[PDB]
Amino acid sequence: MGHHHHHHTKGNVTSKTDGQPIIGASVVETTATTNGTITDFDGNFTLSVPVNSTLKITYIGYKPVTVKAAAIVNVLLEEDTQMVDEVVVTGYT
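Numbered according to the working numbering, the sequence shown spans residues 27 to 119.
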């Protein structure tokens, strides 16, 4: 069980490789692209939007990711150009 701290942060993008924060991720709005923002060392960004539209996030290296606008949203970056299946099942021998 990992104890998570509750702070005043808006959105959070992390990679699905090791579990680290995304630094330098291009995140913009569906209609408000001009007001696009990037992620910090912590893996979060700050953006103010009037309408409750969706937010498009992209980071050079891993697959793209999109999430709706909310007080706290977690995103996971999937490996790009890499096919890795994480499935397993046992039974009769």
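Built from N, CA and C at the ideal position, the CB exists for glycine as well.
Checklist line | Candidates 116, 39, 62 and 48: closest to residue 75 by CA position | finding: 62
Notebook entry, point to check: residue 41: buried (16+ other C-beta within 10 angstroms of its C-beta) or exposed?
Noted result: buried
Checklist line | Assigned secondary structure, residue 78 (DSSP; H/G/I helix, E/B strand, else coil) | finding: coil
Check: With residue 50 and residue 85 assumed to form a contact (beta carbons below 8 Å), what rounded beta-carbon distance in angstroms separates them?
Finding: 7 Å
Checklist line | Closest by C-alpha distance to residue 109, when choosing among 115, 97 and 89 | finding: 89
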